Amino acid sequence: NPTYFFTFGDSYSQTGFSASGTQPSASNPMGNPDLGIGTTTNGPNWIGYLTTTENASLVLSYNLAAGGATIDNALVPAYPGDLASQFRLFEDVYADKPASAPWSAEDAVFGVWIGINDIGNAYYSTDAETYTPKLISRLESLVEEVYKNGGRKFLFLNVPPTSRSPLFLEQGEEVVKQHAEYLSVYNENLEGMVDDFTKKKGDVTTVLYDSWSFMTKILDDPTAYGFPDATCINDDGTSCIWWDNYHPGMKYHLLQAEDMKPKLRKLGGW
């Protein structure tokens, strides 16, 4: 009895899944590509680990996340495959519960990890207090589309401290600071929206996962987690926190998936 795990996000979540590629099944839960391909980690990412390593029952992953994504190109633009476009792909292919993915309220989980690129692109040019509500409102309206299709179980990850990635560290401490302060307001507004949605609907199961505090713990004490420091890069994905200057590696993603597992019990697959 599968859990249908539909995910939406950016390069922290991408796996290169195609809606026309091999589709998820019990024998092949990711569908396509093979587990550990198509990521920014050198191996599985958090979704691959939640689906195949940390799962308590059968999870089928339909991963619509796309590199570089922002929430909506009408707000902060970047790449064609924004979050809005990912929801449209869901609308086009899976929303009507095809025989390939015959989901229902009781067994579908919709996971969203977005905001890294909205913040990365807008932190110096917009006012967080007035602008981040616009971003969060658009996220909420996309979530409402899935609610209208019958979705009831939702997972939201807050934005991790990309302020402390090598890419940002190299821009100077005051840029790190400006980015981090803007990010904190976005994350607060995200939490507010998730709480408000949960209460207003009354028939949903939600999880807000605080990836920010988890990654910050590791950055603050890297050797406690088997990393030599909080700044080194290694494309093996395991010697350093960072796989490249802006993305954490497979070891980090596994530690995050393990941290998430108990928090996801209420969603049915863990």
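Numbers follow the displayed sequence, beginning with 1.
Report task. Please work out which of 99-107 and 133-141 has the higher mean CA B-factor as recorded in the PDB entry. Result -> Of 133-141 and 99-107, the stretch with the higher C-alpha B-factor average is 99-107.
Query raised in the report: Per the PDB record, is the mean Cα temperature factor higher over 35-43 or over 234-242?
Result: So the stretch with the higher mean C-alpha B-factor is 234-242.
Query raised in the report: For the listed residues 69, 30, 50, 56, which one has the largest C-alpha B-factor as given in the deposited model?
Result: Each of 69, 30, 50, 56 was compared by C-alpha B-factor; the highest is 56.
Query raised in the report: From 114, 76, 169, 146, which pick has the Cα B-factor that tops the rest in the entry?
Result: Checking the PDB record, the top C-alpha B-factor among 114, 76, 169, 146 is at 169.
Requested in this report: Among all modelled residues of this chain, ranked by Cα B factor, put residue 227 in the bottom, middle or top third, i.e. lowest, middle or highest.
Outcome: Top third by C-alpha B-factor.
Query raised in the report: C-alpha B factor of residue 7, ranked within the chain: lowest, middle or highest third?
Result: For residue 7, the deposited C-alpha B-factor lands in the lowest third.
Query raised in the report: Against its chain's modelled residues, does residue 199's Cα B factor rank lowest, middle or highest third?
Result: For residue 199, the deposited C-alpha B-factor lands in the highest third.
Query raised in the report: What third of the chain, by the recorded C-alpha B-factor, contains residue 189?
Result: Answer is middle: the recorded C-alpha B-factor places it there.
**Report entry** Relative C-alpha B-factor of residue 121, binned into the chain's lowest, middle or highest third
**Finding:** Highest third, going by the recorded CA B-factors of the chain.
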